[PDB]
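What follows is one structure encoded as structure tokens, with my remarks underneath.
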Amino acid sequence: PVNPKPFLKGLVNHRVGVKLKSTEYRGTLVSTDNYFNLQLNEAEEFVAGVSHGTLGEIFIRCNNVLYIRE
Amino acid sequence: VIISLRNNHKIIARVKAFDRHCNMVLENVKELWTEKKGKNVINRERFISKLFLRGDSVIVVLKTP
Amino acid sequence: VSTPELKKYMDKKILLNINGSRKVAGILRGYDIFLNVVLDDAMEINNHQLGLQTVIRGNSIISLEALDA
Amino acid sequence: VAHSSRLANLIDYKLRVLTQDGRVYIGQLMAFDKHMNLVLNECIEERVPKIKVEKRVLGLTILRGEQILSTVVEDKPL
Amino acid sequence: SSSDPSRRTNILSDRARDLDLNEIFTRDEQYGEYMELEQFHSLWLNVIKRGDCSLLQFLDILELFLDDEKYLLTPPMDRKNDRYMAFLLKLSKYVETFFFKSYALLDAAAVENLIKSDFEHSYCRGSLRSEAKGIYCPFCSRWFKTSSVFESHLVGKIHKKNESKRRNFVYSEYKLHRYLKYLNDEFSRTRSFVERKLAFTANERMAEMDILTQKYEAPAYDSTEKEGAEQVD
Amino acid sequence: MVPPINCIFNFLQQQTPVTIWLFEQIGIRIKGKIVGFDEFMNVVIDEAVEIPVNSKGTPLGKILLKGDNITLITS
Amino acid sequence: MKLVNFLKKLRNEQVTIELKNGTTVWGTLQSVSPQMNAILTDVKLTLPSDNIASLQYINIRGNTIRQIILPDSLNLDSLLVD
Amino acid sequence: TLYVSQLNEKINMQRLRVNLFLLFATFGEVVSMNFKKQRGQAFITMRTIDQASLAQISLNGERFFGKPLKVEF
Amino acid sequence: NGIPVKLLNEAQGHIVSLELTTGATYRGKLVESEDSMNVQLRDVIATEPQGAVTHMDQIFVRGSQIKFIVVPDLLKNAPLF
Amino acid sequence: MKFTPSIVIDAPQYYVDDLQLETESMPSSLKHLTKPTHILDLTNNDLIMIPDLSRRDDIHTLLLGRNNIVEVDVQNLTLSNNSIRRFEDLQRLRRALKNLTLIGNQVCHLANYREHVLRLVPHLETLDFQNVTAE
RNA sequence: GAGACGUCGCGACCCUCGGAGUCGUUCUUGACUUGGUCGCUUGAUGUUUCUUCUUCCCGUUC
RNA sequence: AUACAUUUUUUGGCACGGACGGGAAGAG
Ligand SMILES: [Zn+2]
């Protein structure tokens, strides 16, 4: 029953982490679209599971994304 | 605002234009990278007045208050 | 727009040469306009099978070279 | 070389061509595309191993635009 | 005259048939009309490590070098800064080559030697004097009470060091100064151009560019010129 | 013929051990159960497990792996 | 809305261009396609620590061009009008 | 066009043609196969006819790669 | 529509050569081609990027991963152009 | 009839049987060819010395038949029917060259002419249309 | 610098031996077909693993 | 005569006396 887009929608205003094409991320999701571009707050940059820096307010481009996770 | 990029270029710059592709016209442009030989540690950055940018390059844009 | 004419290769074992210098084998069961492949399961090239049936994405295929003539 | 506006207007000129892999295709542009694919009349792939120019004559070549980087004019027509 | 074509197409003599100005002047210079300083505005942005500086504010900076004292006592940057001295070198070289480029007919060697002698006999000899602070030194960037202490300072280890390290830069600065003075009319002309283009619209700027281009890629002698149409008086 | 979409649907219906390969990434694989379906190859896959490939096992939660970086499916 | 339009409007500009492979390209933009395929004239190719190679005409593809370094003087707001 | 025969057929085709071009360029601006039928022969084509006649008379029996070539129109 | 595509189609039957992104040249009779250069070929040799060669029967290739295609020089004559 | 820029610009240009230019007392002003030719045909002219060339990276074949070459200041050099008379005049070719032809030059009849060329210009593989052999 | 694995060459005791072409219809077109082996006695070239000095000669540059 | 970015193209999986050259000999 649960498709991806609705899951994504649900997960707005909640913690998420993103891997890339590689470095892990960690932040609260602000909003999403059809193309799967992201906008996050309280972004922390997990360099292979090592929080290098806390950027805060960020916007991730879709094509570099690998997966979403809580 | 600062932008992370595919080729390891931290683009600190003033945004002018914006579109579907996340291409950007940029003023007050200050890129940050590192030209290095193996076992070489150098940190380089250059000022540019006006600069167009392509969107596939962009990984993550960010805003430092 | 047009369908990939792989009706010749239907129900035959094919070497799906796939992205990153890898390989797959298996009998061809189906496909679509994007060239995704649905195939009965076989090994990844010494050798080890995973799965009962398998689905390969379109983008990933370098080649699908026919094992059977 | 002349001072053209577009690629289409300079049809059948001898062309240097660069591709993402680093090879250099040289030959006369017979036909262009919506996606910059090129037909080349007498095509020669020229490659450089990591020294000096290695050379291969191909012939009539359809060249995909994905792999094309940039095109340059080698000479005039004929 | 006209030694190249069949009859009358090229003013150039057979002697200099392969003489081409476009290989000496860029399009933005318009054969000496303007001097292209945008490039140096770029490099300058790279030098100041910011963007607070506009093309016009940069030209405002250059103006300092028209004065005999400003470029020395009110420097854009600290005159002992590396980036700055390098920039100044490149710029100076440009201005000089432009100068002699735009005035072929004047004896280059004469001018060079004149400037050099002015540099040795006056500039480095306390040419800058103030009734209050005394005598300024380009190399040490310090003043001096009287000429006496000034002279006995020109043998000191400090001044030896400096005059021995920053000589080329000081000299280049000076050249930038005097050559920019000799080109005041061109400097003004360009600054004007800048303000104009700046106050254009899109179509306007485009048509203007078209004009500069045409002037650049046009025959020096048209098939439709006059020969022997002299008026009297 | 059995289309890919149909296969995906079947898998979803089942809820079976799915082992996904990554595009242009040999060393890593995913192992879970398909929950979602999209017009593209993208899906959501709860109870996923990241795997380092034999040239063990690693902890991982619920994930949607993006359609562009998929390679293999099996279910 | 469109940056394509803006690009088109930029005509006859002597500009540097930067590629995905880092090649610095000094040339006069005679035209650009709807898909960013740059057509230069009076072109000068340099790498990012080695010697220069100059060329008369270069048609560079849109996918390659990372960053077009714009001219010194430019009114951007005006350009951005439809 | 001049027809040459009695040529050393051991020379590779591309080398034969390039030496033929070189040798015959001296008379004016200038087809050879290795089939059984055509081996040891070549057709050399010149822009000018006077060039062909001069070539024929001056190189009759010229030692080329060891053998005396025989030329004819 | 693309004239290169047309050319490719025409080359059907003929012995085309064909390199990929990988750099693995093939030569063979072109069986079928599509708008997207989704080529099939018969009786096809396959060179590795390093050097070694391998004979093979009926290769399929997806145009995405194709780099350049060499067609025989008779087609320069017509009839597409 | 000086070899001039104007002369080179109206000269027949074609693909030979390589890109070749069809061409004088003195070799000069080659700059104007812009290094665009693989071959240059200077046959039947009055050149005295093979000299005066600009840097030409393309140029691989020089056909210099029936001129008056008596001194020398590149893979193939055809000098048939010229005026080279002393073995020592051929010395400058050591600094280049695989195909060399010097037939119909007085130098040809000098004792040991062939062996002299072989030792002084070892890079030559074919001399006067005959294979340089090991023996 | 050395070991594969290929791909195109100097010699030979060897082998081997002599766009074009045809037709239907009409004053010009449409169809159908189409060097190999051994050495190198130090030939040329990619992949792919591992680990330079001294002397003499010939050429460029300052 | 009255025109647009989510698998096949262009939103990319990209990136990290002194030198020089050749040839020969002798040593490790
Ligand atoms: Zn002092």
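Here's how to read the names in the structure tokens: chain A, B, ... by the order shown, residue numbers from 1 in each chain, ligand numbers from 1 in the order shown.
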Contact set, chain D to chain G: 7 Å, only C-alpha atoms, as a CSV table (one decimal) with N, CA and C atoms, in the first residue's frame:
chain,number,residue,atom,x,y,z
D,5,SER,N,27.9,31.4,-37.8
D,5,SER,CA,27.0,31.6,-36.7
D,5,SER,C,26.8,30.2,-36.0
D,69,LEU,N,32.7,16.2,-26.8
D,69,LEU,CA,33.0,17.3,-26.0
D,69,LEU,C,32.9,18.6,-26.7
D,70,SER,N,33.7,18.7,-27.8
D,70,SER,CA,33.8,20.0,-28.6
D,70,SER,C,34.4,19.7,-29.9
D,71,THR,N,34.0,20.5,-30.9
D,71,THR,CA,34.4,20.4,-32.3
D,71,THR,C,35.2,21.7,-32.7
D,72,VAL,N,36.2,21.5,-33.5
D,72,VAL,CA,37.1,22.5,-34.1
D,72,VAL,C,37.2,22.3,-35.6
D,73,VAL,N,37.5,23.4,-36.3
D,73,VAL,CA,37.7,23.3,-37.8
D,73,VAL,C,39.1,23.1,-38.1
Residues within 6 Å of ligand 1 should be enumerated using only C-alpha atoms (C1' of nucleotides) and all ligand atoms and returned as a PDB file with C-alpha atoms, in the first residue's frame.
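As written to disk, part_5.pdb reads:
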ATOM      1  CA  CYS E 137      61.412  57.571   0.803  1.00  0.00           C
ATOM      2  CA  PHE E 139      61.744  52.255  -0.532  1.00  0.00           C
ATOM      3  CA  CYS E 140      61.320  52.506   3.241  1.00  0.00           C
ATOM      4  CA  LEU E 154      70.533  56.085   2.438  1.00  0.00           C
ATOM      5  CA  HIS E 159      67.574  51.225   3.265  1.00  0.00           C
TER       6      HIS E 159
END
_Please return, as a ChimeraX atom specification, all residues of segment 39-101 of chain E that DSSP assigns to alpha helix (DSSP H) on the basis of the backbone._
/E:39-48,55-63,70-73,82-101
*Pick out the residues sitting within 12 Å of residue 41 of chain K, and hand them over as a list in words; count only C-alpha atoms (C1' of nucleotides), and ignore anything fewer than 3 positions along from it in its own chain.*
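After dropping sequence-adjacent residues, the list is residues 134 of chain J; 10 and 11 of chain K.
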Write the selection just made, keeping C-alpha atoms (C1' of nucleotides), as a PDB file, in the first residue's frame?
ATOM      1  CA  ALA J 134      72.040  -5.416 -42.750  1.00  0.00           C
TER       2      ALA J 134
ATOM      3  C1'   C K  10      63.334  -6.472 -41.810  1.00  0.00           C
ATOM      4  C1'   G K  11      64.876 -11.319 -44.039  1.00  0.00           C
TER       5        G K  11
END
_Set the distance at 9 Å and use only C-alpha atoms (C1' of nucleotides): which residues neighbour residue 78 of chain D once local chain neighbours fewer than 6 positions away are removed? I'd like the list as a list in words._
residues 12, 13 and 14 of chain D; 14 and 15 of chain J
Using N, CA, C and O atoms, can you write the selected residues to a file as a PDB file, in the first residue's frame?
ATOM      1  N   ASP D  12      30.115  19.970 -44.183  1.00  0.00           N
ATOM      2  CA  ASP D  12      31.177  19.414 -45.054  1.00  0.00           C
ATOM      3  C   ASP D  12      32.591  19.998 -44.863  1.00  0.00           C
ATOM      4  O   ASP D  12      33.476  19.740 -45.683  1.00  0.00           O
ATOM      5  N   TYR D  13      32.811  20.761 -43.790  1.00  0.00           N
ATOM      6  CA  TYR D  13      34.157  21.243 -43.445  1.00  0.00           C
ATOM      7  C   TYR D  13      34.904  20.159 -42.676  1.00  0.00           C
ATOM      8  O   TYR D  13      34.299  19.430 -41.891  1.00  0.00           O
ATOM      9  N   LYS D  14      36.209  20.061 -42.909  1.00  0.00           N
ATOM     10  CA  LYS D  14      37.069  19.123 -42.190  1.00  0.00           C
ATOM     11  C   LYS D  14      37.112  19.519 -40.715  1.00  0.00           C
ATOM     12  O   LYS D  14      37.447  20.668 -40.388  1.00  0.00           O
TER      13      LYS D  14
ATOM     14  N   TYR J  14      45.215  19.794 -52.764  1.00  0.00           N
ATOM     15  CA  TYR J  14      44.434  18.579 -52.896  1.00  0.00           C
ATOM     16  C   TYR J  14      44.921  17.436 -52.022  1.00  0.00           C
ATOM     17  O   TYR J  14      45.939  17.490 -51.344  1.00  0.00           O
ATOM     18  N   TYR J  15      44.170  16.337 -52.029  1.00  0.00           N
ATOM     19  CA  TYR J  15      44.506  15.145 -51.251  1.00  0.00           C
ATOM     20  C   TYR J  15      45.169  14.263 -52.297  1.00  0.00           C
ATOM     21  O   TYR J  15      44.424  14.038 -53.240  1.00  0.00           O
TER      22      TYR J  15
END
*Contacts of residue 4 of chain J at 10 Å (only C-alpha atoms (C1' of nucleotides); same-chain gap of 2+ positions) as a PyMOL selection string*: chain J and resi 1-2+6-9+24+27-32
_With 6 Å as the limit and counting only C-alpha atoms, what residues in chain A lie close to chain F? Please list them as a list in words._
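For chain A, the answer reads residues 2, 3, 4, 66, 67, 68 and 69 of chain A.
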Writing out the chosen residues with C-alpha atoms as a PDB file, in the first residue's frame:
ATOM      1  CA  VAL A   2       2.763   2.516   0.915  1.00  0.00           C
ATOM      2  CA  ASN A   3       4.309   4.131  -2.199  1.00  0.00           C
ATOM      3  CA  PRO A   4       7.477   6.261  -2.007  1.00  0.00           C
ATOM      4  CA  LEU A  66      21.685   7.672  -2.968  1.00  0.00           C
ATOM      5  CA  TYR A  67      19.086   6.888  -0.241  1.00  0.00           C
ATOM      6  CA  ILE A  68      16.900   8.383   2.514  1.00  0.00           C
ATOM      7  CA  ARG A  69      16.830   7.041   6.117  1.00  0.00           C
TER       8      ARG A  69
END
So which residues touch residue 119 of chain J within 12 Å, counting only C-alpha atoms (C1' of nucleotides), skipping near sequence neighbours fewer than 3 positions away, as a PDB file with N, CA and C atoms, in the first residue's frame?
ATOM      1  N   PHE J  87      79.961  13.952 -51.360  1.00  0.00           N
ATOM      2  CA  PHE J  87      79.465  13.138 -50.272  1.00  0.00           C
ATOM      3  C   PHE J  87      79.261  13.978 -49.029  1.00  0.00           C
ATOM      4  N   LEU J  90      75.952  15.897 -48.305  1.00  0.00           N
ATOM      5  CA  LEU J  90      74.821  15.125 -47.885  1.00  0.00           C
ATOM      6  C   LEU J  90      74.815  14.973 -46.367  1.00  0.00           C
ATOM      7  N   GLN J  91      75.877  15.423 -45.711  1.00  0.00           N
ATOM      8  CA  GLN J  91      76.015  15.357 -44.258  1.00  0.00           C
ATOM      9  C   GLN J  91      74.875  15.963 -43.482  1.00  0.00           C
ATOM     10  N   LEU J  93      71.825  15.709 -43.682  1.00  0.00           N
ATOM     11  CA  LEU J  93      70.668  14.853 -43.601  1.00  0.00           C
ATOM     12  C   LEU J  93      70.748  13.916 -42.406  1.00  0.00           C
ATOM     13  N   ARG J  94      71.891  13.836 -41.752  1.00  0.00           N
ATOM     14  CA  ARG J  94      72.094  12.982 -40.586  1.00  0.00           C
ATOM     15  C   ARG J  94      71.245  13.503 -39.433  1.00  0.00           C
ATOM     16  N   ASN J 112      81.962   4.629 -53.094  1.00  0.00           N
ATOM     17  CA  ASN J 112      81.321   4.339 -51.832  1.00  0.00           C
ATOM     18  C   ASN J 112      80.128   5.212 -51.500  1.00  0.00           C
ATOM     19  N   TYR J 113      79.496   5.882 -52.443  1.00  0.00           N
ATOM     20  CA  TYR J 113      78.340   6.731 -52.194  1.00  0.00           C
ATOM     21  C   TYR J 113      77.254   6.035 -51.385  1.00  0.00           C
ATOM     22  N   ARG J 114      76.859   4.830 -51.749  1.00  0.00           N
ATOM     23  CA  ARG J 114      75.818   4.148 -50.999  1.00  0.00           C
ATOM     24  C   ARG J 114      76.238   3.876 -49.580  1.00  0.00           C
ATOM     25  N   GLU J 115      77.387   3.267 -49.337  1.00  0.00           N
ATOM     26  CA  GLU J 115      77.839   2.984 -47.954  1.00  0.00           C
ATOM     27  C   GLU J 115      77.978   4.277 -47.171  1.00  0.00           C
ATOM     28  N   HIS J 116      78.493   5.334 -47.765  1.00  0.00           N
ATOM     29  CA  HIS J 116      78.606   6.594 -47.045  1.00  0.00           C
ATOM     30  C   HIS J 116      77.242   7.061 -46.553  1.00  0.00           C
ATOM     31  N   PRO J 122      71.914   6.635 -40.947  1.00  0.00           N
ATOM     32  CA  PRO J 122      71.393   5.340 -40.593  1.00  0.00           C
ATOM     33  C   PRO J 122      69.902   5.288 -40.430  1.00  0.00           C
ATOM     34  N   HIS J 123      69.248   6.429 -40.161  1.00  0.00           N
ATOM     35  CA  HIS J 123      67.797   6.377 -40.033  1.00  0.00           C
ATOM     36  C   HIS J 123      67.097   6.052 -41.339  1.00  0.00           C
ATOM     37  N   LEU J 124      67.761   6.087 -42.492  1.00  0.00           N
ATOM     38  CA  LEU J 124      67.156   5.807 -43.776  1.00  0.00           C
ATOM     39  C   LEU J 124      66.954   4.315 -43.892  1.00  0.00           C
ATOM     40  N   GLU J 125      65.781   3.882 -44.324  1.00  0.00           N
ATOM     41  CA  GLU J 125      65.449   2.483 -44.504  1.00  0.00           C
ATOM     42  C   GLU J 125      65.400   2.136 -45.970  1.00  0.00           C
ATOM     43  N   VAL J 132      67.638  -0.610 -47.418  1.00  0.00           N
ATOM     44  CA  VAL J 132      68.997  -0.650 -46.821  1.00  0.00           C
ATOM     45  C   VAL J 132      69.093  -1.997 -46.110  1.00  0.00           C
ATOM     46  N   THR J 133      69.964  -2.905 -46.475  1.00  0.00           N
ATOM     47  CA  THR J 133      70.094  -4.216 -45.832  1.00  0.00           C
ATOM     48  C   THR J 133      71.186  -4.256 -44.763  1.00  0.00           C
ATOM     49  N   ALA J 134      71.094  -5.217 -43.845  1.00  0.00           N
ATOM     50  CA  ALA J 134      72.040  -5.416 -42.750  1.00  0.00           C
ATOM     51  C   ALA J 134      73.481  -5.547 -43.214  1.00  0.00           C
TER      52      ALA J 134
END
*Please run DSSP on the backbone and report, as a PyMOL selection string, all residues within chain I that come out as strand (DSSP E or B).*
chain I and resi 15-20+26-32+39-47+53-61+66-71
Save out the residues we just selected, N, CA and C atoms, as an mmCIF file, in the first residue's frame.
data_model
loop_
_atom_site.group_PDB
_atom_site.id
_atom_site.type_symbol
_atom_site.label_atom_id
_atom_site.label_comp_id
_atom_site.auth_asym_id
_atom_site.auth_seq_id
_atom_site.Cartn_x
_atom_site.Cartn_y
_atom_site.Cartn_z
ATOM 1 N N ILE I 15 28.694 -4.740 -42.659
ATOM 2 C CA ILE I 15 29.617 -5.002 -41.558
ATOM 3 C C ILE I 15 30.046 -3.671 -40.946
ATOM 4 N N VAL I 16 29.389 -3.287 -39.855
ATOM 5 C CA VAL I 16 29.774 -2.085 -39.114
ATOM 6 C C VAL I 16 30.776 -2.428 -38.010
ATOM 7 N N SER I 17 31.659 -1.475 -37.707
ATOM 8 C CA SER I 17 32.493 -1.541 -36.495
ATOM 9 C C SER I 17 31.857 -0.633 -35.444
ATOM 10 N N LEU I 18 32.164 -0.897 -34.169
ATOM 11 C CA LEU I 18 31.383 -0.340 -33.067
ATOM 12 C C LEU I 18 32.129 -0.340 -31.725
ATOM 13 N N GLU I 19 32.587 0.828 -31.269
ATOM 14 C CA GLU I 19 33.203 0.945 -29.930
ATOM 15 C C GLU I 19 32.231 1.517 -28.905
ATOM 16 N N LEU I 20 32.409 1.102 -27.652
ATOM 17 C CA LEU I 20 31.572 1.539 -26.542
ATOM 18 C C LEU I 20 32.306 2.548 -25.643
ATOM 19 N N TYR I 26 33.788 -3.734 -31.463
ATOM 20 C CA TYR I 26 33.171 -4.864 -32.139
ATOM 21 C C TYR I 26 33.190 -4.583 -33.632
ATOM 22 N N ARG I 27 33.132 -5.655 -34.409
ATOM 23 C CA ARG I 27 32.889 -5.588 -35.835
ATOM 24 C C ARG I 27 31.855 -6.651 -36.169
ATOM 25 N N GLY I 28 30.844 -6.296 -36.953
ATOM 26 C CA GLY I 28 29.891 -7.305 -37.411
ATOM 27 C C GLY I 28 28.791 -6.812 -38.335
ATOM 28 N N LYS I 29 28.082 -7.767 -38.937
ATOM 29 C CA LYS I 29 26.884 -7.490 -39.740
ATOM 30 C C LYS I 29 25.849 -6.851 -38.844
ATOM 31 N N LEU I 30 25.384 -5.661 -39.209
ATOM 32 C CA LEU I 30 24.379 -4.954 -38.425
ATOM 33 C C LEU I 30 22.992 -5.551 -38.675
ATOM 34 N N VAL I 31 22.454 -6.216 -37.657
ATOM 35 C CA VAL I 31 21.189 -6.936 -37.788
ATOM 36 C C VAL I 31 20.018 -5.958 -37.735
ATOM 37 N N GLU I 32 19.951 -5.190 -36.652
ATOM 38 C CA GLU I 32 18.874 -4.229 -36.450
ATOM 39 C C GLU I 32 19.351 -3.012 -35.662
ATOM 40 N N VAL I 39 21.766 -1.267 -31.133
ATOM 41 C CA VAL I 39 22.234 -2.044 -32.276
ATOM 42 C C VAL I 39 22.236 -3.529 -31.930
ATOM 43 N N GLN I 40 21.897 -4.366 -32.909
ATOM 44 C CA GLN I 40 22.171 -5.811 -32.841
ATOM 45 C C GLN I 40 23.162 -6.142 -33.943
ATOM 46 N N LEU I 41 24.073 -7.090 -33.697
ATOM 47 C CA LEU I 41 25.032 -7.500 -34.736
ATOM 48 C C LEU I 41 25.330 -8.992 -34.750
ATOM 49 N N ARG I 42 25.624 -9.513 -35.946
ATOM 50 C CA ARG I 42 25.916 -10.943 -36.159
ATOM 51 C C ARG I 42 27.395 -11.203 -36.435
ATOM 52 N N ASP I 43 27.825 -12.435 -36.138
ATOM 53 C CA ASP I 43 29.163 -12.948 -36.492
ATOM 54 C C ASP I 43 30.283 -12.028 -36.011
ATOM 55 N N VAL I 44 30.153 -11.571 -34.768
ATOM 56 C CA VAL I 44 30.861 -10.383 -34.300
ATOM 57 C C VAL I 44 32.095 -10.713 -33.446
ATOM 58 N N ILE I 45 33.233 -10.129 -33.830
ATOM 59 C CA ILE I 45 34.455 -10.192 -33.021
ATOM 60 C C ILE I 45 34.361 -9.113 -31.940
ATOM 61 N N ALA I 46 35.108 -9.291 -30.853
ATOM 62 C CA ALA I 46 35.038 -8.384 -29.707
ATOM 63 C C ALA I 46 36.412 -8.167 -29.101
ATOM 64 N N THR I 47 36.979 -6.990 -29.347
ATOM 65 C CA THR I 47 38.290 -6.661 -28.797
ATOM 66 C C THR I 47 38.126 -6.101 -27.384
ATOM 67 N N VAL I 53 41.319 -10.448 -28.224
ATOM 68 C CA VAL I 53 40.104 -10.538 -29.046
ATOM 69 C C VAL I 53 39.320 -11.820 -28.759
ATOM 70 N N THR I 54 37.995 -11.744 -28.913
ATOM 71 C CA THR I 54 37.096 -12.872 -28.660
ATOM 72 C C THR I 54 35.960 -12.893 -29.683
ATOM 73 N N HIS I 55 35.796 -14.021 -30.371
ATOM 74 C CA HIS I 55 34.688 -14.209 -31.312
ATOM 75 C C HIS I 55 33.373 -14.418 -30.551
ATOM 76 N N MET I 56 32.272 -13.920 -31.115
ATOM 77 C CA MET I 56 30.946 -14.131 -30.529
ATOM 78 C C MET I 56 29.816 -13.968 -31.553
ATOM 79 N N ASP I 57 28.663 -14.546 -31.229
ATOM 80 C CA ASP I 57 27.602 -14.781 -32.208
ATOM 81 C C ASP I 57 26.757 -13.531 -32.502
ATOM 82 N N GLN I 58 25.765 -13.264 -31.645
ATOM 83 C CA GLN I 58 24.759 -12.223 -31.877
ATOM 84 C C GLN I 58 24.726 -11.231 -30.717
ATOM 85 N N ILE I 59 25.611 -10.236 -30.785
ATOM 86 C CA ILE I 59 25.703 -9.222 -29.736
ATOM 87 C C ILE I 59 24.592 -8.184 -29.874
ATOM 88 N N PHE I 60 24.045 -7.774 -28.736
ATOM 89 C CA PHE I 60 23.195 -6.597 -28.664
ATOM 90 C C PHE I 60 23.972 -5.526 -27.919
ATOM 91 N N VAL I 61 23.769 -4.272 -28.316
ATOM 92 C CA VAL I 61 24.363 -3.131 -27.647
ATOM 93 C C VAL I 61 23.322 -2.020 -27.549
ATOM 94 N N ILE I 66 27.148 3.042 -26.336
ATOM 95 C CA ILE I 66 27.933 3.119 -27.568
ATOM 96 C C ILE I 66 28.640 4.464 -27.638
ATOM 97 N N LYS I 67 29.862 4.443 -28.174
ATOM 98 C CA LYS I 67 30.680 5.644 -28.332
ATOM 99 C C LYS I 67 30.613 6.119 -29.780
ATOM 100 N N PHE I 68 31.163 5.323 -30.701
ATOM 101 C CA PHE I 68 31.119 5.649 -32.125
ATOM 102 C C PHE I 68 30.968 4.395 -32.982
ATOM 103 N N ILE I 69 30.320 4.570 -34.138
ATOM 104 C CA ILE I 69 30.034 3.482 -35.065
ATOM 105 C C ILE I 69 30.694 3.785 -36.397
ATOM 106 N N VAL I 70 31.480 2.835 -36.903
ATOM 107 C CA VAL I 70 32.035 2.921 -38.249
ATOM 108 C C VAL I 70 31.149 2.106 -39.184
ATOM 109 N N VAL I 71 30.711 2.749 -40.266
ATOM 110 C CA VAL I 71 29.901 2.147 -41.328
ATOM 111 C C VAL I 71 30.811 2.010 -42.555
#
_atom CA of residue 75 of chain J to atom CA of residue 18 of chain J, distance in Å rounded to a single decimal_ =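 Spanning atom CA of residue 75 of chain J to atom CA of residue 18 of chain J is a straight-line distance of 12.9 Å.
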*Can you pull out every residue within 7 Å of segment 56-71 of chain H, counting only C-alpha atoms (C1' of nucleotides), but drop anything in the same chain fewer than 3 positions away, and send it as a ChimeraX atom specification?*
/H:2-8,52-53 /J:129-130
So that each row is one residue of chain A with an atom at most 12 Å from chain L, can you give its shortest atom pair and the distance in Å to one decimal, using only C-alpha atoms (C1' of nucleotides), rows by chain and rising number, as CSV?
residue,atom,partner,partner_atom,distance
A:20,CA,L:13,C1',10.6
A:21,CA,L:13,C1',6.8
A:22,CA,L:13,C1',10.9
A:33,CA,L:6,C1',10.9
A:34,CA,L:6,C1',8.1
A:35,CA,L:6,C1',5.6
A:36,CA,L:6,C1',8.0
A:37,CA,L:6,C1',10.1
A:61,CA,L:11,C1',10.5
A:62,CA,L:6,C1',8.7
A:63,CA,L:6,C1',8.4
A:64,CA,L:13,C1',9.1
A:65,CA,L:13,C1',11.6
A:66,CA,L:13,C1',11.6
*asked:* Please determine, counting only C-alpha atoms, which residue among F:59, F:50, F:11, F:41 has the shortest atom-to-atom distance to chain C.
replied: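 Smallest separation from chain C among the options: F:41.
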_Contact residues (chain H, partner chain K, 10 Å, only C-alpha atoms (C1' of nucleotides)) as a list in words_ =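 So the residues of chain H near chain K are residues 10, 12, 34, 35, 36, 37, 38, 39 and 40 of chain H.
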Got time to write the residues from that selection, N, CA and C atoms, as a PDB file, in the first residue's frame?
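out-v6.pdb, written as the output of this step:
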ATOM      1  N   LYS H  10      57.073  -8.635 -54.064  1.00  0.00           N
ATOM      2  CA  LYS H  10      57.273  -8.898 -52.665  1.00  0.00           C
ATOM      3  C   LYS H  10      57.106  -7.618 -51.845  1.00  0.00           C
ATOM      4  N   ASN H  12      55.247  -4.675 -50.062  1.00  0.00           N
ATOM      5  CA  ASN H  12      53.857  -4.569 -49.603  1.00  0.00           C
ATOM      6  C   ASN H  12      53.172  -3.506 -50.447  1.00  0.00           C
ATOM      7  N   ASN H  34      47.230  -6.799 -55.400  1.00  0.00           N
ATOM      8  CA  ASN H  34      48.139  -7.933 -55.273  1.00  0.00           C
ATOM      9  C   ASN H  34      47.447  -9.227 -55.648  1.00  0.00           C
ATOM     10  N   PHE H  35      46.260  -9.163 -56.251  1.00  0.00           N
ATOM     11  CA  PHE H  35      45.580 -10.389 -56.640  1.00  0.00           C
ATOM     12  C   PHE H  35      46.513 -11.181 -57.510  1.00  0.00           C
ATOM     13  N   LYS H  36      46.183 -12.417 -57.794  1.00  0.00           N
ATOM     14  CA  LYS H  36      47.047 -13.250 -58.638  1.00  0.00           C
ATOM     15  C   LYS H  36      47.115 -12.513 -59.969  1.00  0.00           C
ATOM     16  N   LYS H  37      45.938 -12.221 -60.522  1.00  0.00           N
ATOM     17  CA  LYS H  37      45.848 -11.529 -61.780  1.00  0.00           C
ATOM     18  C   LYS H  37      46.678 -10.260 -61.892  1.00  0.00           C
ATOM     19  N   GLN H  38      46.464  -9.325 -60.970  1.00  0.00           N
ATOM     20  CA  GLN H  38      47.140  -8.047 -60.991  1.00  0.00           C
ATOM     21  C   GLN H  38      48.468  -7.905 -60.325  1.00  0.00           C
ATOM     22  N   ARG H  39      48.957  -8.808 -59.505  1.00  0.00           N
ATOM     23  CA  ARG H  39      50.277  -8.663 -58.879  1.00  0.00           C
ATOM     24  C   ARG H  39      51.369  -8.313 -59.869  1.00  0.00           C
ATOM     25  N   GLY H  40      52.382  -7.577 -59.486  1.00  0.00           N
ATOM     26  CA  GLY H  40      53.538  -7.146 -60.221  1.00  0.00           C
ATOM     27  C   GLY H  40      53.338  -6.030 -61.226  1.00  0.00           C
TER      28      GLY H  40
END
